[PDB]
Structures are given as structure tokens and as C-alpha cells.
Amino acid sequence: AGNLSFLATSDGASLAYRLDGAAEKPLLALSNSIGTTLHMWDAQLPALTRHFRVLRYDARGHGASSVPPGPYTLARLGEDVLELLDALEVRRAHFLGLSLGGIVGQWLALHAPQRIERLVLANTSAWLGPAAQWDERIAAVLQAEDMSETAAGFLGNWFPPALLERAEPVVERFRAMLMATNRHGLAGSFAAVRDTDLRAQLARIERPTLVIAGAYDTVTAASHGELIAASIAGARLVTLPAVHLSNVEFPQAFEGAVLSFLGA
Amino acid sequence: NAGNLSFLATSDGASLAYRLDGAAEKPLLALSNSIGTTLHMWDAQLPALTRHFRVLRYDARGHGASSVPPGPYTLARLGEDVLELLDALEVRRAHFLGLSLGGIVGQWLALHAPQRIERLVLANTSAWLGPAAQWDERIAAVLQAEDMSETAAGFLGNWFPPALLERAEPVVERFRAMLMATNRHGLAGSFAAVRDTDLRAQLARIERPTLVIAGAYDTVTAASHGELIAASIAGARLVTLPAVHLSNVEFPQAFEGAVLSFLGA
Amino acid sequence: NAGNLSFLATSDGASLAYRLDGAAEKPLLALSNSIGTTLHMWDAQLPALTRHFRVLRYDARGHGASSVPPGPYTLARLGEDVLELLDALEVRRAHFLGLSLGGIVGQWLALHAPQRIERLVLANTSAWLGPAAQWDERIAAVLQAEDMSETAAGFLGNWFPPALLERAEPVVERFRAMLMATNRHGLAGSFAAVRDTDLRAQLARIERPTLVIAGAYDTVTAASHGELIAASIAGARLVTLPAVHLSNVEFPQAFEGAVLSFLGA
Amino acid sequence: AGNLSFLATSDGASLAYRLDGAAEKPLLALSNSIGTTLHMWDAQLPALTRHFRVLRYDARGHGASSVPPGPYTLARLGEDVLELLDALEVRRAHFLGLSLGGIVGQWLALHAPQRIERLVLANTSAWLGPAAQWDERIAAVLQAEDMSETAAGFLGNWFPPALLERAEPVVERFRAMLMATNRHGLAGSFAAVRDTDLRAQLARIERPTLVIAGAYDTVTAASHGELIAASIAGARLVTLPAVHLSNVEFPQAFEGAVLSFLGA
């Protein structure tokens, strides 16, 4: 019933979002990996809502949200969060974004610093070029028969071989998210990633930031997160022995790192 | 003549010489000098620095074109000098770069007036230069000297590669002249500020973004000193140059590069 | 024409291009290049280096003026290439400076042929660049390319400040040309050497004096990688420049200074 | 009876030396601080002779040795050790020198590398200028009535206040060494120190070296030892929370650092 609310964006899409935790606590907004839904954070909810009110949403083209055609700009993915915040009459929120969500985070700190408090960037990067590889992934996702190959591509990049070797429920949970993802959502988001190079801009960020990186990350290399930490003035870096979804692989260490940084 | 310098009258009746370089609309970057030098030790860095920032330079209490109160000076007083400069300029907040003694002033400002500091650079500096004994000896010795000659030989000998010194260098002679024109009370007073300083246990409180530059061959402020600072301040970075003590002099490109990239230029 | 290059026929039937610069009586310093480059990446360093050392330079297996065996190359084979160069020159022992891939060759020589190495410099390098997956992908992709254009955009994009690249720089274009002239099998073979490499647990065995140079903004060989090396080798030093990946290119004075002071020049 | 042997040097002095430990073990030679005798090492003897044959000697102008007039050159203090080694038909020895002894060590590694194995430099420095201060100490020691003021000067620089505050036997042991030191020995050695600047030469040393420094050292600053470690290719640095005589203040930590470095 009250599972979801929907935001009509200014350009004609519809974003699904929900709030968890006590209304009076400070707002922490989460933004998702490409190909996932807000349910990728389900396990972090108990620890996080102990201290913050948690805003979650399905990104443009994903999950319970509507699906404009591609390409999406990074700016538009950024405007989406701002419009969510405007809708909730929130002036300022802590922000935690993983991967693509982390790229949205960087954009927000750069173009709407006044809307952000503390900033957490997990398994992400400021530049994933060169760009051709992304046009190839867009052409391939658009022409696929179903998302099966595409999903197996992600999963192979998201988890360690050990978990893939055998069948595990969590792996299939994420497979389902991928299978359910419209190809335009993936292709529009690929285009945003393709067009992004924020490396020369990071040194202009003035928000307290924590960067979480995965040592064995094959999607967004650990070294990309290390560069983010280096270039953002005063940023801290926490590397986990994880692949790409480190909150899934190490929920305790991930939550500990996030909570102590946001003020416990 | 004209407008080379401005002078600030401090609350405790000294006069501090200072000057601004660069376009007024650009963000303010304040530089603080080594003991025994003047604001001209940064002349080489001006062109690159002023491309992006309005640069505030000053001669510390007891030095160069500033007046010379009798020692002892406290660290707190040397920090207040900066705060009063900022007040006079009506600047709420500035970036701060301090080398050596200037770096100690930097750490103090970050501890006691953080709201006045944007980003912090600490070059060839330290949080603790004890044991204190060596400074009392240096105070007594400088006060009793016929002239600043043996004292300059002291500094120059610690500041420069014996290689760089051996070959009569116009740059070395410029630093020799700064020392030779330094009043013994400026030195004595500054040694006392240094003597009383141990910030090590307090660094963990600093919440300004901090870059630490250290010289691998530095005997004044040892590399390990600056490593201890970087290691102690949350989110601090460390750059280590193959320098002795005035790393901006020995490696201006690496030094300016390190500073400018850190400050967002 | 004349005597720009000499060629060594290796034991496994490849040809390695090399040249010596500087006075013959001076101590031997061998340089080993980054993947995707030639010995001309060190041209700027020659004048300062040859003041004190006889400099041996070579194009790695698969690169520049050397011949191009099919991949995979093993690390051990890339190290043996150096040993056979030294043998051909009848040099018992040399200083070694390797940047990136060259640095990995360096660590290997120190582990497997220490008696051939005097002092060791490791610039913008690493002891482990896994996970291995990314290298298989890069091997398959480079083999299938129409030309080396997208591949060069890859390297140049990781190697240089997007600032330095944005402004058409004659130096960048020289590195673009090196990449564009690199045979895909040299790259593919070299990626495999890298892929199979994890020296981390072995570093503690190295007993050559080691200097490690790292770039604070390096995404290829992250600063933490070189810190891990310095931290692991008994008596190793670390110099960190505000560079990306080719720190000799970005800060030649600091880089040459760091090297020369370490090597006793 | 067999307490000491004496070496007639080539320039007409006479050096006292003794050997401890089994004849077949590798030779470790020790060199002393200014103003002390070879008995400053008495406490290190049990642990050291477990592994090495220990050569000790009173430096030129000190202890049981004869006293040429000043000035002494560093080279001559270096030749002295070489002549001791020649006398014992030892080709190569490990060397451990504290303070002035440590300066002799540096000289040996520079001018007679083939005579040295592993090198330990404790509470020492490569340059202690400017020089005037040393001429002032020479003039003052030569004109003193007795060595009482001079001795109290050293002791104040050698120990922490705590040990000086009360009377302790070890402090007086060292006072006696000082009182018994002829003023020409001190003045000749001051001259050697005065004339020394080895900083531009350290990078030419090719012996495995360990540098021991005292954090609270007021004679030879810790930072001087740190520079030594930095400039000597591949040198290790061990800093103890000690003043100037760190083998006296921390005998266990000092011996542990030395033995593990010399190969256990």
C-alpha cells in the first residue's frame, strides 16, 4: 500500500522513492548502482535508520521508476535528486552513492554543494573512458533479445567467483533486478557514464567526503577511488577487500565506515 | 617608494609590514615565512600563485620590514598577527601556506581559528621541535653575538645542500642578506615561540583539508616530522621532495604544482 | 643513420634495440621504459643523467625499435632481456631505473639477479596490478582493434592530467606517436607479464638500496602501490610527486634530483 | 694483568685496546663517545660476545691511551682503527660507533670500505657546525682549572634530568671518565669534530648501515641521524626515546636493534 511514492519530474518522467526511519532524524539520501533497484540497500536499513532518516529511490530508467529513452546526461540524473529533495522540502542531506550513484554524488557536490552535507562515494570513479566502449555497450544492450547475457555480464563483474561458482539467493536477487531493467534505462545511463570526466573538477569540491573502494573491484578500479580521495580536498579513503558491491560483500565493515564518518 | 608595502598596527603595539599581489576578486591565499627570512622568499612563486589567487604576504613579527618587539614571542601571538591582518583586510576566510615557523603558525590557526582557514598547506614544518634546551641556548647565543654572521652561517648551513652553498649562488646570497638584516630580538623571540610548542597531541582535532610538504634531507624540520603531521590529521596528504629545508627554492615547479593542485587551481 | 642504435639477439630469437650515452668510464645506469613507449621517453633526462653515469637505454621486447614476439610475455623473460643486455656489454653490475612496467622488471631483477644490481629506482610502478581479469580483457581488445587509436586514447587519458592533454601539447603528441607505432603483440604480450605478476609477498627479500617514486594522482600505478613497495623493502625510501603517471615528464627537476641524489651524484 | 694491550701508532702515540669473546667469532669493533672510555660498553658485553668477538679501545687522547696535543684530524682517528685492525690481522670487521665513534665510522665507510662489514652509527651526526662553537670549546677546555665544569657540561647533555636530579652510580661512573680525561684529548677531538662535514659524501657509502638516534638527544639531534639514514643508500633508522647515550639509557632496546641488524 504505502510502499512507494512517485515524483513527476520537470521533463516528464516519474521517479519512485521511499523514506525509512524517524521523521525528525537527519536525512541521508542513497543513490543506486546502474542495473539495480533501491532494494540493493535493504540490509543497510536497520543500522542506518538508527541514526538517520533514509531517502531511497529508483534511478531514472530503473526499477519502479519510468524509463525515458537514452541518452541520459549526468546533469539530468543530478537534477532528479535535487527535485526529490525539493519535493521533500529538504534543504540539505547527507548523500551516499555507489558506482553510478557515486558519480551522481560528485555532480551534486560540484553543482549543488548547498544541498549536500556529508558525502560518501562508494565503488565509483570520476572518469571511466575512453568512450567507445560505452557506445558499444549501448548498441549491444539495445539489440539484445533479452537481458540475460547482459545480466550475466554485470554479475560476473559485481561478485567474486566464489559466490558465482555455486548458486546463492543474493546473486539471484540481483540477477532479477538486472532482468527487470529496461534496456533504455541501461543505455541512457551508459551515455551519462560515457560523457563524464570530472577529474579536473574534483579539487573544487568543498564537502566533507569519504571514498569507499573495493580492492578487487573490476568495474570501477580501486585506484579510481584512490584518485577521488586524493583530489577531493581532505577526503578520507577506506578500501575494503571487496569487488564492486562492497555493501553486499562486507555489510558490517561498510556500515561501520559510513556511520562513523557521518558522525556515528 | 609608492605602494610597495602597507603596515598594520597590532593590538599590542607592533607594526607588521604586508602586501597583496594579484587580482582582488580572486580567492585569498596567505603566505607565512620561515624564521630569519622576509616575504621576498616567495618572489619566485608569485607568477604561478597569482594566476589563481590573491596572495597576501607579510614579514613576521621581528622580521624584515616589520617592527621588532623584544622576545619571548608566544605562538598564539604569532597567530593573532595573521588574524589581525585578515581582520584589517576584512577577509572572513583564506587559504594558508606556511613554511617552517610559518607552518607552525598554520597549525595554530587551524586549531584556534579554524573558521578563518579554508585549505591549509604546511611546508617543511613540524608540530614539535624539542627538546626545548637547544632553543634557550640559541636565544642566549644570538643575543650575545657581535653580529649576525655566525648566526647566518648556522641557518644557511642547515637550509641548503652544502653543494648549493659551496658554489657561490645568487639565491643563497639573497638569503644571507635576509639573515644579516634580521634583528636579534626577532630571532630570539621566534625561538621562544618554537621552544614552547608541542602540537602533536592536538593535531587529531584539525578538520581543515591539509597538504604537508616535506624535504627528505631536512635537518631543521625532519621529514619524519611532517609525516607525523600528515599521519595525524584526518584526510591530510603528504608530498615529499628530495629537498633540504626551503623546498620552494630547490624545486619550485614541483612545489607550486603540489600547492596549486591541492588548492583547486 | 650511423650509430643511433645497436641490436642484441636474445637467446629466444628476438632482437632488442639499445643505445649507450655518456662517458664509458662512468658507472652504468640502465633505464627501462613504460609499456607503450620507447627509450626516447627519457630524452629530457639524458643531460643531467650522463653528467654522472653511462646511461644504457633500450626498447623493451615488443616495443619501438625492438622486434615483436607474439604474447604472452612472462615477467621473467622481460628481466632476462636486461640480463642479456648486461652480458653483451660485459657489465657485471649496474644501477637500474624502471618506470611502470620497467619498474616491475626492476623488482624482478632485484629478486632473481640481485648480484647484477647496484642501486634500484622504481618510478610510478607496482608489485601487483590485479585483479587479473582486466588484463585479459585488454589483451583481447588490443588484438581485435582496427588500429591503435582508441588504445592510445586509453593510455594518454590515464597518463596525463586532462589539463595537459586538453591543451594540444607537443610532448603529448610525441607519446601519442609512440603508442600509435606500438605493435599490438608488444602490448598484448606485456599485459600478460603484468597480469601474472604479484610480487607483494616477496618484496621483503630485496636487499638492494631502493628509491620509490610515486605520483599522487596516478590511476595506472596508484600512489598506495608504491607506498606498499617502500614500506616492504628494508631501508627503501619514498618520494611522492604531485604527478599522474609519467612523473619524469611532469616534474623533470624533482625527478632527476631525486634520482641523482639517491645514486650518489 | 692481561687487562689491556697497547698499540704504538705510526705517528708516535699509544692506543689501549682489549678483546672480548671467543676468538673464532666475527669481529665487531666499537668506538667511543668523546670524553669516555671503552668501559662505557661494559654492559653490552654479555649480549654482544654471544655472537661476536668484540674489539674495544680508548680513543686517541682518552682513557688508557696516550694523549698527543690537538688538533686531531678525523682522518687520524680513522687511521687509528685501521692500525688496530692491521695489528690484529683482521681484514674486515663490523663497526659500531657512538657519537664521535659514529663519525669515525662514517669516515671508515668512506675511505676504507674494504675493512668494514656492517656499520652501526649511534647518536651521531655528519655535520655539527658552524665551527666557531668548537674553537670556543677548545679555548675553554684548555684554560680550565680542572675538568669539573666541563664534566658537568657533558653530563647535562648526556643524561635526562631525572637521573641527574638524584645521585646515581652510573652518572658518577661517567663523571669519573670525564674528570680523568686530559684536556688535550678533548681539544684535539673537538678539532676533528669542528672540521667535519660529511653530508655531501654519505650518498657514496656502500656498506649496510643501521643508524640509531635518540629522540631527546641534545648533543647530536635525532634529525642528524635521520639525515644520515636518508642519505646512506639503503640505511635503516631506529629512534629510541633516549638522550645521547642510548645504550646506557635503553640497553635492551639498543642491543636488540644492534644484534638483529648484524644478523642476530
Side-chain angles (χ1 to χ4, degrees), chain B residues 126-137 198 200-201 219 222-225 227-228, chain D residues 30-48 95-106 119-126 128 151-175 177-178 193 209-230 235-262:
Chain B
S126 165
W128 171 75
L129 294 170
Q134 65 196 290
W135 301 106
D136 282 323
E137 292 175 10
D198 188 2
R200 295 173 295 169
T219 32
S224 66
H225 283 48
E227 298 170 359
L228 174 61
Chain D
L30 310 182
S31 190
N32 307 339
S33 169
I34 196 174
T36 58
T37 79
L38 61 88
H39 288 287
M40 68 157 190
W41 301 110
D42 286 348
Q44 278 67 67
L45 232 50
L48 290 186
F95 184 96
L96 160 50
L98 184 146
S99 208
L100 176 61
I103 307 179
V104 175
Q106 298 165 71
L119 179 63
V120 183
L121 306 168
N123 304 271
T124 185
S125 169
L128 290 162
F154 280 102
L155 301 170
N157 281 326
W158 284 358
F159 295 98
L163 270 174
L164 294 176
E165 231 149 52
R166 225 332 235 176
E168 255 89 352
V170 60
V171 179
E172 301 309 303
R173 268 183 74 236
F174 275 90
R175 186 188 312 270
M177 294 178 184
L178 284 153
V193 164
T209 79
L210 163 67
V211 176
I212 296 170
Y216 306 107
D217 198 334
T218 46
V219 176
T220 52
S223 71
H224 285 37
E226 172 162 354
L227 174 65
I228 299 185
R236 298 169 208 182
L237 168 65
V238 170
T239 294
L240 302 171
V243 196
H244 184 60
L245 302 173
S246 44
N247 62 303
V248 182
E249 194 167 334
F250 293 94
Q252 291 205 19
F254 185 98
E255 292 162 29
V258 169
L259 287 166
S260 70
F261 172 81
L262 293 176

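A note on names: the letters A, B, ... follow the listed sequences, proteins ahead of strands, and every chain is numbered from 1.
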Undergrad: Can you tell if the side chain of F261(D) reaches within under 4.5 Å of the side chain of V238(D), non-hydrogen atoms only?
TA: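 The answer is no, as the side chains (C-beta and beyond) never meet within the 4.5 Å cut-off.
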Undergrad: Is there a side-chain contact between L128(D) and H224(D) (heavy atoms, below 4.5 Å)?
TA: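 Yes. Closest side-chain heavy atoms under 4.5 Å.
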Undergrad: Could you pull out all residues at least two apart from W41(D) that satisfy ring pair (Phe, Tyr, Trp, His ring centres under 6.0 Å)?
TA: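 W41(D): no ring pair (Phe, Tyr, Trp, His ring centres under 6.0 Å) contacts found.
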Undergrad: Test of understanding: with side-chain contact (heavy atoms from CB on, under 4.5 Å), list the residues that count as partners of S99(D), not counting sequence neighbours.
TA: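 For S99(D) the side-chain contact (heavy atoms from CB on, under 4.5 Å) partners, ignoring immediate neighbours, are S33(D), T220(D), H244(D).
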Undergrad: Enumerate, atom names and distances included, each donor-acceptor pair closer than 3.5 Å involving a side-chain atom of residues 247-254 of chain D, sequence neighbours excluded.
TA:
unit_1	atom_1	unit_2	atom_2	d
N247(D)	ND2	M40(D)	O	3.3
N247(D)	ND2	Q44(D)	OE1	2.8
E249(D)	OE1	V243(D)	N	3.1

Undergrad: Find the distance between CD1 (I34(D)) and CG (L178(D)) and round it off to the nearest 0.5 Å.
TA: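 With rounding to 0.5 Å, CD1 (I34(D)) is 9.5 Å from CG (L178(D)).
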Undergrad: Listed by chain and number, what are the side chain to side chain donor-acceptor pair (under 3.5 Å) partners of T124(D), not counting sequence neighbours?
TA: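 For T124(D), no residue satisfies side chain to side chain donor-acceptor pair (under 3.5 Å) once neighbours in sequence are set aside.
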Undergrad: List for me each residue that meets side chain to side chain donor-acceptor pair (under 3.5 Å) alongside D42(D), sequence neighbours excluded, and say none if there are none.
TA: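 Listed in chain order: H39(D), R56(D).
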Undergrad: Once side chain to side chain donor-acceptor pair (under 3.5 Å) is applied, do any residues pair with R173(D), and if so which ones, sequence neighbours excluded?
TA: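 Listed in chain order: nothing, the list is empty.
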Undergrad: Side-chain polar contacts of residues 154-165 of chain D - donor-acceptor pairs under 3.5 angstrom, sequence neighbours left out - could you list them?
TA:
none

Undergrad: Please report the interatomic distance OH(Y216(D)) to OG1(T239(D)), rounded to the nearest 0.5 Å.
TA: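 Output value for this atom pair is 11.0 Å.
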Undergrad: Tell me every residue that passes salt bridge (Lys or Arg N to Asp or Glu O under 4.0 Å) with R175(D), counting only those two or more places apart in sequence or in another chain.
TA: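 Here the qualifying residues are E172(D).
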Undergrad: Taking only residues two or more places apart in sequence, or in another chain, which ones meet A43(D) in a side-chain contact (heavy atoms from CB on, under 4.5 Å)?
TA: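 By the side-chain contact (heavy atoms from CB on, under 4.5 Å) rule, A43(D) matches no residue at all.
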Undergrad: If you measure from CG on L98(D) to CG on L30(D), what distance do you get to the nearest 0.5 Å?
TA: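 Reported to 0.5 Å precision, the distance equals 10.0 Å.
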Undergrad: Got a sec, which residues hit side chain to side chain donor-acceptor pair (under 3.5 Å) with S224(B), two or more places apart in sequence or on another chain?
TA: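 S224(B): side chain to side chain donor-acceptor pair (under 3.5 Å) contacts with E226(D).
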